[PDB]
Each structure stands twice: as C-alpha cells, then as structure tokens.
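As given, the protein sequences belong to chains A, B, C, D, E, F, G, H, I and J, one line each in that order. Everything in the first sequence is counted per our numbering, starting at 211 for the first residue and increasing by one. Everything in the second sequence is counted per our numbering, starting at 4 for the first residue and increasing by one. Everything in the third sequence is counted per our numbering, starting at 70 for the first residue and increasing by one. Everything in the fourth sequence is counted per our numbering, starting at 6 for the first residue and increasing by one. Everything in the fifth sequence is counted per our numbering, starting at 2 for the first residue and increasing by one. Everything in the sixth sequence is counted per our numbering, starting at 72 for the first residue and increasing by one. Everything in the seventh sequence is counted per our numbering, starting at 71 for the first residue and increasing by one. Everything in the eighth sequence is counted per our numbering, starting at 215 for the first residue and increasing by one. Everything in the ninth sequence is counted per our numbering, starting at 2 for the first residue and increasing by one. Everything in the tenth sequence is counted per our numbering, starting at -1 for the first residue and increasing by one. Working notes, structure below.
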Amino acid sequence: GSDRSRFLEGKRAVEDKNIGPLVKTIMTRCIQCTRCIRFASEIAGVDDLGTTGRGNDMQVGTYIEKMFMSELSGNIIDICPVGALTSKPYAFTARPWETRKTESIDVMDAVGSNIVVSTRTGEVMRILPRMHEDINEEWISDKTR
Amino acid sequence: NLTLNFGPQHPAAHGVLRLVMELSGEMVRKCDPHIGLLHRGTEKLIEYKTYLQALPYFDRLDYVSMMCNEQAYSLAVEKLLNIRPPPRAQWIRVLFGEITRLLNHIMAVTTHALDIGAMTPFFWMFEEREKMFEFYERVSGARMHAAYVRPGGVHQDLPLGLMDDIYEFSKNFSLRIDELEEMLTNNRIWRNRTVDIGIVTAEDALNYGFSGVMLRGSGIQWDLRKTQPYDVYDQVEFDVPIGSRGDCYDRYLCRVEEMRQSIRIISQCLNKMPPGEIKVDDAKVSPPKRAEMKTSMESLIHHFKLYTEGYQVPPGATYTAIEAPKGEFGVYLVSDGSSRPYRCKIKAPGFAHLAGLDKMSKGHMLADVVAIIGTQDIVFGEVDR
Amino acid sequence: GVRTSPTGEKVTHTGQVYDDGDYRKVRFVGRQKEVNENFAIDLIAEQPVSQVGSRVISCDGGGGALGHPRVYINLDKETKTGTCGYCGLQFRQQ
Amino acid sequence: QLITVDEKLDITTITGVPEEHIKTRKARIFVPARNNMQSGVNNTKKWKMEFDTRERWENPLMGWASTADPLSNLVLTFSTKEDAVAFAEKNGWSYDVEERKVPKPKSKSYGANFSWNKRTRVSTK
Amino acid sequence: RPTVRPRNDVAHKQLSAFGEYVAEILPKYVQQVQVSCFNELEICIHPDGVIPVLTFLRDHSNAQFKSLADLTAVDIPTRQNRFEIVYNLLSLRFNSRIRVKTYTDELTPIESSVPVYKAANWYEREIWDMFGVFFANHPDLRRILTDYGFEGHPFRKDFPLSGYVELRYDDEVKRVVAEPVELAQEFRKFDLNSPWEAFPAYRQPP
Amino acid sequence: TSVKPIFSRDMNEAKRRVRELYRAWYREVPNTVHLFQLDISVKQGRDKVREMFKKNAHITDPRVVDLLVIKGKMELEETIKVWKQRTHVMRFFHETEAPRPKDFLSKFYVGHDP
Amino acid sequence: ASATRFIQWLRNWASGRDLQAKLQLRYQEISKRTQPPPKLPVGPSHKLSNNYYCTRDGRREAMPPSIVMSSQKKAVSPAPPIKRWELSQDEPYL
Amino acid sequence: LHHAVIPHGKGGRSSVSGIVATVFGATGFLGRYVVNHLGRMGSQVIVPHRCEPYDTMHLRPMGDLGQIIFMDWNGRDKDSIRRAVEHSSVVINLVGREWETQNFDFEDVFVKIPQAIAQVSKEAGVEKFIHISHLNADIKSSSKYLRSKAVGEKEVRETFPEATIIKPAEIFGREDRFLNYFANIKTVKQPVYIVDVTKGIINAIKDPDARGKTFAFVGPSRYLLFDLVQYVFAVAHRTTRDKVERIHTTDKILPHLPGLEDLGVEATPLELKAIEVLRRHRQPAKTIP
Amino acid sequence: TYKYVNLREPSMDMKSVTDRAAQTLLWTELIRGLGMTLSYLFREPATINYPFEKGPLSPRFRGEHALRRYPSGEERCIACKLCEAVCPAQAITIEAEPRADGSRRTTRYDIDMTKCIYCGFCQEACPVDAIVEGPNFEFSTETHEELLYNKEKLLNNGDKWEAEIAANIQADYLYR
Amino acid sequence: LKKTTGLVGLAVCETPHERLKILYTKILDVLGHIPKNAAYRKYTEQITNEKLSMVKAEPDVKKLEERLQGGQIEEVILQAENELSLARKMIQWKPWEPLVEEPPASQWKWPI
Ligand SMILES: CCCCCCCCCCCCCCCCCC(=O)OC[C@H](COP(=O)(O)OCCN)OC(=O)CCCCCCCCCCCCCCCCC
Ligand SMILES: NC(=O)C1=CN([C@@H]2O[C@H](COP(=O)(O)OP(=O)(O)OC[C@H]3O[C@@H](n4cnc5c(N)ncnc54)[C@H](OP(=O)(O)O)[C@@H]3O)[C@@H](O)[C@H]2O)C=CC1
Ligand code: SF4
Ligand code: SF4
Ligand code: SF4
Ligand code: SF4
Ligand SMILES: [K+]
Ligand SMILES: [Zn+2]
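Now the structure itself:
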C-alpha cells in the first residue's frame, strides 16, 4: 500500500459484541473479510456468525446476544487477519517480536496436535497451532489453546 | 636495546595504547603498538540491531567527529535503499560536517601541542569547542552523540535562531585560529619538535593505506570532497591544503589551514541553506511527523513498523567512504534483505595510520614518537571498534 | 490508593508487596520503598462522563497533536459508557 | 601442491568452544513453522539451527530473566538442510533434523459455494 | 523524482567495460564479475589468484589501484567455504574503486597480500583474530584486537554475542580472574522479519 | 579429498612440529614461573602443559594439528614476550571456580543441566 | 566588554589585534532563548492526487547486480584519467 | 522453602544460592574471605559494620548488584542486632579483637557480644548460627583472650543450642596476624589456612549434619614454634603480653571433635602457601608426628 | 583547487638574512608569543560560577527519563512496547496486563540507566508522549542499584518534573 | 627544469624523454616473451605503443604531460617502471591460462 493518507473525513465506529470468555471483540477493527463467518459455518459446523445490515454499516456478529462457545472457537482468533478478534486471556501481555517460539506437541488429548509455545523471559505466554497436514491441519482445540 | 613493554620487570600501566618499544640509547629501533584495549565488538553488536538502532554506534567510533561518522553510515544505507535525502537535509549535513571538522581539528591540534608541553592553546580553543557543543545540543539535545544525521536526512529541523548564532560564532573564529598560530606556527621550539619529524613519502603513504592529511601532507592531491563528492559538496568552493615536506609540521599546517577552509564552507552553507523538508518524504524509510502519526491511519502503521521492525534494505553490499576529519572513513555494509545489517565492517583511517607508526618512527628519538602519534590523529574508539 | 499491608509495607499501584516470609524486604531496612502515591486508576475514575449528542464521538486526549492518536468511539449501547482506549475518558449519548 | 585427507572434517578443537557446550548440547535443524497469526509465508523459506533451551531464573534485584547459557540466543540460517547438517557435524554438535512441512495443494472452486446437490453449498456470503 | 537516488549509466557502462577487461586478462583466476545497481565493480576470483590479481590491479597502467582502502572477511555458515575475503581498492589516477573477493574455510590458508600492500599487515591480523583465517607468509600473524589468551574468533556467526567467559577482580587470589559468563539479564532476542516479501526483484526460484 | 596444506603434508610431519612446540613450552615453564612470580610450582606448570597437549591427542587431520601448533606458538610467544600479564597465565588453572561434579546424582540435585 | 579603556589598550597592543571587535565571550548578539513557534513545510509527496507510491518507490527500483562475466579491441581504464587540480587563486601560497 | 530462596543458576555471581547470611565482623581478616565466598555463588549478604563505610569498600565488588547490603550496628545495642538478622536464614559471628581497648575488653567481644547476637538470633527465628571460637579456648588458660573464648563458647552453646561452633588454630594468610606477625619481629603449633577455614564455614552452612556440632579446624601438620619461625625468615629472606601467651600455647589435640575433612575440606600445607604470604616481605620446617 | 601551506622561498639578501639573525639571537618570535599570553591575562575569563550559574541548554536536551500523565492524572503509557523495541541498548523492560478497570497498562516498566545511552529514541517512538527524557542531568548516585529505575521511580520523576517537561514539549513539538 | 615534483620522495628527472624511451622499449621486449594471443600482451603493447609515440612526437615536457594524462612526467616514469615490473611477474604467473578451478555451486550466491 501507499505510505500516507488522503482521507479527510471522520471514521466509522462500531459497537463491541460479546461472544464468550475466550474471544474479545473490538469490531471497529473488523475489515469484513468474513473469514470468521466461513470458519464457524464450515469448520466448526456452527451457523451463529453472520453479517447484519448493509453497505458501510454491515456488521459481523451474532445479531442477538449469544456466546460462540465451540471446542474449536478459539481458531477464529488466528484466522482473523486483524485485531478484531483476539485472545481474551492473552490480552496485553506480550508483543510478537519479543516472544521465543518453541515447537512442541499437545497433551490435552490423544490427537497429538502440533503447537508452538510462545515464551518470554522464561514464562509461557500463549499456545498457537503449528501446521501439520496429517494431524490438526492448522487448528487446535480450545482446551489445547 | 632497552625495552618498554609494561609488565614484570617494568612496573607501570599502559592505558589506551600499549606501545612496546625497543630503544638503542635515545633512538627508537622498533615500535610495536598493542591495541584492542578499547575493542568492544561494535561490528558484532551491529548485527543484532536494526539499521536505525545501529546508528548511535557510529557516534561512538571517532568520538570527536560524531556527526561525520553518522553521515558516512547514512550515505551507505541511503545508497542501498536507493533513496536520497532532500536538499535542505544535505545542506544541513554539510554545515554540521564542517562544524564537526572544526571540533576535530581543534582537538587534534591542541592536544597534540599539550602532549609536548604547550598547554595553553588547549584552553583557549576548548571554549570554542564548548560553543560548538551548544549547536549540537540545540539541534539534537545532545552535546556529543547527537544521533542527528540518519538515513533519509536528519532527525529534526534547525530551531529558529540557530543559524544566526552559527554566523556569530563563525564571524570571530578565524581570529582564534590566528591566536593559535601566533603561539605555534613560528615558534622555534614548536618547529624543532615537528619539522622533519615522521617524514613519509608519497608512495609509502599510498601503499601503507594512509588517507586524509596523512596523504596531503606529502603532496598528494587527493580529497574525497573534491574527487568523490557526496551530499552537496560539489556546490561549495574551498581549497585543499597541500604539504611539501611530508613531515609533522606540514601536516600541522594542513590541519590549521583546513580549519580556515571549513569556516569558508560554513559561510556558504549559511547563505545557501534552502527551504524544505529535512527527511525523505517516503514514510517507508523515514518516520512521519508526529501530528500525522496521530491522525492518519497510514502514518500510524508506518511509525509503528519503522520503530519496531525497521525498514528492510534490499540485499546488497556497498563500500561507502567520506572525507572524515581524520581521513577516509568508510563502511563495507552488507544487506541480506532484512531490517538488520548482515555485516558492517568499519574502515577507520586511524587503523592504517597507526599500523604505519613503526615505519614513520624509524630514526627518531623517544620523544618524537609523541609527535608522530599526535600527527596521525589517533582515536582508539575507531581503531579498535 | 496507597495501602499498607499487615507487615506495614505499602502496596504499589500494581499490587506489589513482599509477603511476610520474603527476605527481599531487607533491602528497605534503613532506607525506603519508592511508591508513587498518585494511582492513575483512581484519578481517571474521578473524571465525569461527557454528555454528547451523537452516536459517534472522537477523542484525541486533548491538546491536539500533544495527545494520543485520534480514535472514534461508538455510543450505541445504553448499559455502559464509551471509554477511550488511550486516555480512559468516558462518553455517554444524550 | 595438494594433499590427500580422507578423514572427516572436525574443528571442535580449534573453535574455542568449551567442552560443555559441544557434547552436552542438542542442535535442532528445522524450517520454522509459519506463524499462524499471519498468512505470509516468507519466514518459512530457510533452514534454522537452534539449541536446546536451558534454565532462566529471576534476578533477585529486579526480577529480570537471568541466564547462564551462552548459546541461548544463537540461531543460524542455512539454505538447505544438507548445509545445516554439515555445519553441525564439523562443529561436533548432536542434532535432530525435522523434515520441511509444505502445505499440500488444495482444490478451490468458487462455484462450489452454490452447489445444486452437494453439501459444499454455503448458506451466507 | 525527489525521493529516488538517480542512476548513473555512464559510470555503469564504464565499470562493466573494465570488468570485462580484467576478466579477459586474468582468466586463470576470475570466476565472476558484476556491477551493482549503485555502480560498484566486484571481481570474484579463485583464492590462488590473490597475489597475481592484486599485483596486476596495483601495477597495471590502466588500473593503478595504489591504495588498499580496506580488507575484511564475511562469515557465511551455509557456504562450504564459509569465509569470504573482500579487498576494497582505490585508484587515484582514475578516481575509481574496485572490490576483489575470494573465499576460504576454517583450514585452508590464504596467501598474505602484505607484499602487494603494506596496509594489509594489520588488516590480515584482524581477520585472523576475528575470523580465524590463517594467512600464509605473513611477517607477524597474531591477535590484534582480542584479549591475550582469548579462545575463539568472535566475529564468526556461531560465536555467541556475549562470549563464554567474563572477568572480575577476585579478592581471594588478588588478581582479575575469568569465569563462565552469567548475565543478570539475558539479551532478549527479537524476531523482527516480516512474513511478507518486500523485494520481488530479488526473489530466489523455488 | 584434495586440500591445500597449512605446513605439514602428513601426520608424520605434523607430529614433529607438535614435539618441537612441546619442548619449547617445557623449557619455558621455569622461566614463566619465575618471571611472573607465580605461586604454582614448576611441576604444576609442566603438568598443565602436558594436560593441554593430551587434550588433543586424538586428532588425525594434519591441517587441524598445524593450526593447534600455530595457536600454541602464538600463546608461547605471548608468554615469552611478557605480552600476557600474570592474570592471563593463571587463567589456565581456574583457581576461583568451584569444582563442578560430574556424576549423575550430583548434577540431579543441583539443577537441570546434563 | 566591561574592561577599562587602558586595559583594552594594553591587551590590544600585546596581542597585536583589535580584540574588542571580535570578543570571544557572547553578549547581546545571541538569539533569544524564546523563539516564535515554527511552521515547517512539507515534502513533495504531500499531494492529494497524482501521487501513487509505485511511481516514487526507491527501494523497489533497486536491482540485483549486473553479471558481466561468470565462469559458469581497445584497452580501457575503470574511468577516464583524473584531471589535474588547478592552484587556488584565492590564495595559492601561505 | 520460600519461593524467593530456592537455588537457581549455575552457582556463579548472578546465580541464587538461597543463602541469606548476616555476617557480623565481616570487615576483618576472616570476614572478607567469608563474604567473598558467599557472594561468589550469589548469596544475599547483610554486613553489619561498626566502622566507616570507607573501610567496607573492599567488600562491594564481591557480590552482584543488590547482594551485599550494609547496616550500622552497635554491639551493645540489641535493636540494631535485631534489624540485621530478622530476615536472614543463617547468622555468622566473626567478632573479636586480638587486644583490649578502653571501650571493649575481651569479655565484651568474646562473651557479651556473641551471646547478644545468639539471643537476638534465637528470638528472631534464625535457623542456622555459626560461631567462631578458638582451638585453645580454656578457662585454665594463661591468656585472657583464650579464657574469654571458653566462657563465650559455653554461653553461645546454651543460648543457641543448634549453633555450629568452629574452633580454628591460628590462621595463616595474606592478611593474617601470624606469619606476618613473625616476619615483623616447647611450643607446638598446628596452623590452618584461611581459605580452608572459609570453605569449612561455607560447607557447614550447607550441611544439616553440622547443626549443633563443634568442629576443630587445624592444618595438616604440627610444627615446633621455633622451627616454624625459622622457616618464615628463610622464606622471607630475613605485640602484647597476651599475644605472646597465645603464640606460646601448644595447639590442643582434640580427636573427639570433627574437623575440616568432615566438612569435605582438605587442609592445605603451610609450605604451599607460605611463599604467597611472605613474598611481599622480600627449606622446610621439621614436622612433629 | 588546492594551495600550498609551506612552499616559500626565504630571501637571501643581506637585509633578510640579518632579519633572521636578529630573530635567532634576540628571540623575537618567542617574545611575540609572550605577548599573546599576556593579552589573555587581562581578558575576562570564560568561567561560570557553578552551581550558582548553569551552562545554557535548549528545550531538546536529553536528560533523566520520566513517565508522564494526562491532565486528568491518567497514565499516558499504554504498554505498547514500541519504546522497548527501539531501545538500542535494550535498557527498557516492560510487562503489562489488563488493569482492574480493563485499561491496557504496564505492571513493569524499568530502565537500566547504566545500559541507557540517552539517545532519545524511546521518546521519538512513543505514540502518546508517555516516556520522555527530561531536563534533569544532576542525578548522580552513590550506588549502582540507585540507577536501576522501575516504574515507581519513573512515575515519581514525571510528577516531580512535569511543570518543566510540559513547557519544554510545548516549545519543541512543532519541530516533531 | 622544474624545482620539484611536489611529491615527497619523488625526484625530478633531468632527461624524462630518454628515460621513458628506455622504459617503454624494455616493456615491449618483455611482452615479446608472452604468448601472442594473451590479452595481457595485446592490451599492454597497445597502450605502451600509444604512450611511446607521444614521447616521440612531443619534445616539450609540459605539453607531453598534457598528452599523457598521467600527472607529472616523473609520475609517468614511475608508472612505466611498475608496468615493467608487472610484466616480468606475469610471465611467471601466466594468468592467460584457463581457470584453475570452478567455485562451489553457491559460492557467489547472495542473499543465501
Ligand atoms: C660593542 C661590542 C659588544 C660585544 C658584545 C655584543 C653582544 C651582543 C650581540 C649578541 C647577542 C647575544 C644574544 C645572547 C642570547 C643567546 C642567544 C641564543 O643563544 O639564541 C640561540 C638559541 C638557539 O636558537 P636556534 O633557533 O635553535 O638556532 C641555533 C641552533 N643551531 O635560541 C635560544 O636561546 C632558545 C630560546 C630559549 C628561551 C625560550 C624561553 C624564554 C623565551 C623568553 C625569554 C625572554 C628573555 C628574558 C630576559 C631576562 C632578563 C633578566
Ligand atoms: N584469625 C585468627 O588468627 C583466629 C581468629 N579467630 C576468630 O575469628 C574471628 C575473626 O578473626 P579475625 O577476622 O582475624 O578478627 P579481625 O580482628 O580480623 O576482624 C574482627 C572483626 O570484628 C569486628 N569487631 C571487633 N571488635 C568489635 C566490637 N567491639 N564491636 C563491633 N565489631 C567489632 C571488626 O570490625 P572493625 O573493623 O569495625 O573493628 C572486624 O570486622 C574472631 O572472633 C577471632 O577470635 C579464631 C581463631 C584464630
Ligand atoms: S475474520 Fe476478523 S476481519 Fe474478518 S470478518 Fe471476522 S472479525 Fe472481521
Ligand atoms: S495492529 Fe493491525 S488490526 Fe490492530 S489497529 Fe493496527 S492495523 Fe488495525
Ligand atoms: S534514551 Fe535510548 S538507550 Fe535510553 S532508554 Fe531511551 S531508547 Fe533506550
Ligand atoms: S512509554 Fe510509550 S512507547 Fe513505551 S510502552 Fe508506553 S506507550 Fe508504548
Ligand atoms: K486476530
Ligand atoms: Zn482519549
């Protein structure tokens, strides 16, 4: 992209939806890519996320006040390209450039999902999926996460 | 052959330089500099920094010529980035490059005189240095390690009223050089300590890798500001002083005359300073203005990324050199395509100059070695790196 | 919200204090524990909520380019106020 | 003139590395996993060599993370695993090599979203 | 265009022509010649050609590279010859610069260039010190920058940043003693590289 | 398998240089002890030289041996020229480092490292 | 500046220069330590149109080196011989 | 344990040894070696000092940042003793002069002060207590120094029963008042090296078997005072009434007591270290089997 | 263009030769050098009367660090860690978590002032003017530990120096 | 006859034309020992003959310096001496022969 702005108007602001204790939403950052909608419907098999409204006011969410509690729900954090959906437990604790990445395995079940353990200064910061086509692909369970 | 190696059977500490000399009576027969006493592994540390993070390391090399060291590094990065700084930044860099030359030659000449007894010009001229430290502090907030010259231009614009004060300082400075010359130039004791001392031929100087005054003292007509100009040096007029005897006295005269020519350049920089921005108007290299950063989405992203990852430099390698106050100062800088330099070899002019100390000191007495080390103008921040 | 513990040591705004059996408090013997007594959490709570007449308001923290990056705050919900993510000022719609 | 040396290359004795950090270390040779927070794949091109993590403890004064491992930050880059294996063997490190994971080709069809009789039909866009 | 460094086609063509000139004259040693987009000429040669190639460039009438600006090494662990030796020469007669590059490994000696440039003396000592490259027929090869008895070559990419030992004065033995390095705060490694390619013009085929 | 020799064309010629360096070090130790006023005996100094040599008894590459000899001669020069100070010479003896035990149980009690 | 006319004469004669006109201590000729606020200009890229970054992208114009030979007629010099310098007419000799 | 005192690291300057030691009398000959060894492995050391801060500057480089803490104390003031020990896990007493002063006699420094430290330490909860006495301590002794040591040894053992009491012979070392005492000038002496004593104290801190015990730190060999003194002058190429009594007191032999070898410390012969001590002043001495 | 610094021909006529003979024997240049030092004895010295007089500094001066607040008293820092990323010396250490009221705030903010190079990069990188280098330069200490600043020390510096820090930022922020 | 060359250690030449004629002819004699198809011979002869003609054509020294573009005439003489020295070394090196050895596959690949 370009290195400067020529937008001289005020910006849209969107209210924040609540969808459980795991995924925090700041939906003003959403870019309406519908990755989360497609993941919930196709991978998780839950049709509770969609778009409401039209045009510039189109909003991603549940319309009603509803939690998105699925054993795969945390994966929408990874696939959201922006900070619209983020890990609530991880909030504010670290920055990516300072974390050490340890490639490891999950022991919360017998699948053996491949993971990355992000550490910083000798402390575990979070757990991310590690791509393995023959096991977990690029997902993990919420318990693993 | 008495020996002075600073060890058992010789109780004395050495300091910044450990000179192992073997003397026959009064004459020096071998001079063996032992360095590394200020080696800090700067070149290795730079490999862990981003290009902006590594910039302050160059203030701390020739720590008498700080902004000139910044300029050499900035030119190398700009060359690899394929960008250029704007004209006002280039004129500011030439202005402070010549102020920095005054800072260095005052230090070089007056401490050289102090090391051999003339202790008074050091005090008169270090008041001038103190005033020039104020110009550094007013543009950057630091008296020495300004970190002011950066790839893309300079960090900040001159504060209002700074140019007027630089004019006032320059208007009187030549009379201070005259007072320095009244103490040294014609003094028979000064001439007896420097005339026909450390004579180097034009061919030996080239093959030994000398640069700067160490070349021009022996008559070689070379100055990178003329032959390989950079920034806006091809728009100011000045004369290159040239020696004839290639000894310590001619190099002292060259350095004094270069201070006068530096004032001559500074006079043109003040008059020809153009308007405009001070860093390249390319926010993928130079951070945006703070007011832009706080209103524009693009500006905030680029500020964020410039101050964390830094800008990527296209892969390549360059040897870039400038006419620093002490001679040719250059960097061989290797880019691997990322935001941290892969290798940064620093070419310090004093490194080759010191390696020629044994050659230059042949046939001289012990106290002449003080004058030879003085005439080479050695800072061990750059020699050891 | 300066508050001393049962051992007498002041608790910092980050909730730090040495517990009873911690030898590390020997460092304060004969000296003092630097504790800043202006708790930001208590100070921002003293600020009144601004009443505004639009669904969206912008905040830059005051002082123009001397504040924080300008952000736009949605005021559609009525259960709670809109809080600035930078400076913590609160806004409500009227 | 050249000589014939059929022995294996082994520079352990002329590198200056203490014995501790040669025989007791375990190098890991691998291609880094794509950070799953981003779609860019540019950090998955080259092979890396890192060593086994060792103890970090809290500095009593400030609580900073202290270390006694001189190799804790050492990470090397290689064009191929063969280059990395060669480097680890001449330096005398025991190493593990992990095969590169490359995403397999997918079959993508936009028209599949609107299938007449298959479950691939999406219910929202 | 104000923000873009201008090209210089005249210098690029001239340096290319001299690149062919050198390659035709010394085919026994020249392995590659290239000119960068910012007009720097590099001659990559077989290590046997150090003395012949440098002597030719110093003494030949159409070269006359009398000054050795710098001589350094670069450690590249992925290459089987990890060390790249770089000579940067300056010609005052023709106001030009040239870079000459060769390679070696931890055991192969390079011929000393002190006979061609006296400046190479300390530069080659520094390379030995920092990288462990041995220079044959050097009049005085020994460390120059590191502490006496220092083990290792700090500028190698696999030498750790803070080294292996650290010094302190020990009152029990009344002297400065060396001990294995322990850091109150470990250096914090940062993973800064972006996962998105920046320069398509430098892409390597898969 | 064709490589440029450093000094020695085969291990026989390399072993000769090793023995000559050993003799030079062996003769130097009494001088080093006296010149540096070391608190070790000449026997300790010589046993240290021997232990330093035996550490590399397993090498079979004549180029590696040559570098070990080149480094050893440099160390000997630094010692003879008194470029080293007494601190440098005594770093061979690790006098302020607590013995680190090497059996499994001792390592297990103290920490995690092998 | 405060020196008496006799002392001014004494030091003027001893140095051989009229020192008063070029004093090395600064008095009222210095700039104010409070200055009016600036308003700095903006570079050539501060445009609302005809300004696509791809037209002004220096880094993306850099190219790999041009290989003129790889191991895989008149003589030339690296550049034309350097022209001789001309002696200064400002002051050829000191 | 408490989370803050679990050992960490590789036992170096920046490591955490888990020891929080208060060392009384740390500004003397034995204290400097004790403090140095404690800070080598990363212990928190509290140094109560009576003297100028200037006289304690040689202890500052012995510990990483924050590891050496200095407090003022007065031997007669119990509160100042309490302040210095209430956070420690071990208290080490090395207080004592070799002469009497108008303000402090041997009873003050060898009975009253050790007992006051022991009483405050017991009340404050300190688990380990190490008290230095003398090998030749005896109430039947000619030397008032040694008579006071015997009484103070009794009171320490009764006030802090678990205290580890150490009884060294005369200690030789660079700053000693033994070999340096002779070089500046019937009896059998068995002197011990300063570093051995330092290791013994440190090992006693780490050994649970040492609690409640009394040790005798003696060198490997016994010498005749005349023969030893002759050795000193040969190596060096060459005072009070009580001091002379002590130097003429044959070193007791106490086989029942444990010694340095019990704490894993091999005693060092005087011949290996005599030059170290006496080189600054510029044939063995018959041993008694 | 060049000039010669020492390419002069000394006249060998009797008047010139006698001028150099009188110089050699009567020490004229040495006495002229005495005049210059005499003129300085009667010049006013350039010394200032520290600590009652201070050397001049500008608003940009880089001194002791401080953490700033908003006019309401809320901390400006939001634990973005841009300062920590750019620090050339790695002198800054930051930890953060959601505050009790949900704000993004630091629980640790240390500066090792003995690692710091006083480069000012942290105040350039900060997006909210939270970390600054203030005008204080008289904070030398008697112990090493006193120079390892934590967040409580840094906030106290801000409260202590805010009056001057705000005025200095007011003077220079239009150049940033 | 100039008083000085200006360069320390480089002495004036009283007979620069005769000195250069002897040097250039000596170079052309050494180059006769090199194979004809050697690029060093073909190029060095070409430039040597070009310089040798200029010495023959121009008898005035200062005008000759202008044609030679080699600085002072004593600098031109020094360069001819270096060329003669180089030519003798080239006969022993024989740099016209084929490349001694190809570099490993990725020796000159950057970035890696
Ligand atoms: C009618 C018949 C009459 C017959 C008698 C006639 C005699 C008068 C005519 C002759 C005059 C004699 C002069 C006597 C003074 C000594 C002169 C002298 O020796 O100067 C030469 C000396 C070295 O000079 P140089 O440049 O090195 O060259 C020669 C070396 N080959 O130069 C030097 O001395 C070196 C300088 C050393 C001094 C430096 C530090 C002090 C300088 C300032 C001091 C000012 C004088 C103070 C006066 C004190 C009064 C009490
Ligand atoms: N070294 C030996 O030969 C032997 C020593 N010991 C015992 O070992 C211990 C230390 O030995 P050493 O270190 O040689 O003794 P030192 O005299 O060398 O050091 C004694 C320490 O006690 C302190 N001290 C003395 N009197 C007082 C007092 N009245 N109030 C407070 N502090 C005081 C001194 O502090 P300041 O500097 O302030 O006076 C000093 O730090 C002593 O108890 C001694 O009896 C036992 C056997 C042999
Ligand atoms: S994945 Fe993120 S950006 Fe895309 S629609 Fe969902 S919330 Fe919005
Ligand atoms: S980090 Fe990314 S998602 Fe978050 S505000 Fe910046 S551009 Fe938007
Ligand atoms: S001034 Fe520079 S070195 Fe100091 S904390 Fe800020 S960024 Fe780091
Ligand atoms: S001080 Fe500024 S840059 Fe540093 S973490 Fe806080 S807000 Fe970010
Ligand atoms: K996300
Ligand atoms: Zn706000």
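The beta-carbon is built from N, C-alpha and C at its ideal position, and this holds for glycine as well.
| query | result |
| --- | --- |
| DSSP state of D/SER44 mapped onto helix, strand, coil | coil |
| Residue of I/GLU125, I/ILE32 and I/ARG77 minimising C-alpha distance to I/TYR174 | I/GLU125 |
| Between the CA atoms of J/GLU63 and G/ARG154 - distance to the nearest angstrom | 11 Å |
| CA-to-CA distance, H/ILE489 to H/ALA418, given in whole angstroms | 29 Å |
| E/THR103 vs E/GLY20 beta-carbon contact at 9 Å | no |
| Contact set between the segment 81 to 112 of chain C and chain H, restricted to residues whose Cβ is under 7 Å from the partner | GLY90, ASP91, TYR92, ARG93, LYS94, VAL95, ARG96, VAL98 and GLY99 |
| Check: A/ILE287 C-beta below 8 Å from any heavy atom of ligand 7 | yes |
| Integer-rounded CB distance, given that E/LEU58 should sit under 8 Å from E/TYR118 | Wrong, their Cβ atoms sit about 10 Å apart, outside the cutoff. |
| Backbone CA spacing between A/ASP257 and A/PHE249 [nearest angstrom] | 10 Å |
| Inter-residue CB distance, I/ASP102 and C/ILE126 (contact presumed, cutoff 8 Å) | No, I/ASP102 and C/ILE126 are not in contact; Cβ-Cβ is about 20 Å, not under 8 Å. |
| Test: I/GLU65 CB closer than 9 Å to a CB of chain D | no |
| Residues near D/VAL46 by beta carbon distance below 8 Å, same chain, minus five either side | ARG39 |
| Interface positions of the segment 83 to 101 of chain I facing chain E (Cβ-Cβ less than 9 Å), listed along the chain | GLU85, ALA86, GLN91 and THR94 |
| Run of the beta strand (DSSP E) containing E/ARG100, from where it starts to where it stops | 97 to 105 |
| Residues of the segment 249 to 277 of chain B whose Cβ lies closer than 7 Å to any Cβ of chain C, in chain order | none |
| Opposing strand residues paired with G/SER140 [DSSP bridges] | E/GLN33 |
| Closer than 9 Å to chain D by CB, F/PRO172 | no |
| Proximal residues to H/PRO262 (C-beta, below 6 Å), its chain only, five neighbours per side dropped | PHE238, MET285, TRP287 and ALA298 |
| Residues that F/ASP137 contacts on chain H, provided the C-beta gap is smaller than 8 Å | Under the 8 Å cutoff, chain H gives no residues; its nearest Cβ is about 35 Å from F/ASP137. |
| Ligand 4 heavy atom lying under 8 Å from the CB of B/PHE307 | yes |
| Residue nearest to G/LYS109 in terms of C-alpha spacing, selected from B/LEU161, B/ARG228, B/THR298 and B/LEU41 | B/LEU161 |
| Contact with chain A by I/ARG9, beta-carbon distance below 9 Å | no |
| Nearest-angstrom Cα separation, counted from D/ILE19 out to F/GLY143 | 11 Å |
| heavy atom of ligand 5 below 8 Å from I/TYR119 C-beta | yes |
| Alpha-carbon to alpha-carbon, I/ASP111 and G/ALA73 | 53 Å |
| F/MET82 in three-state terms, based on DSSP | helix |
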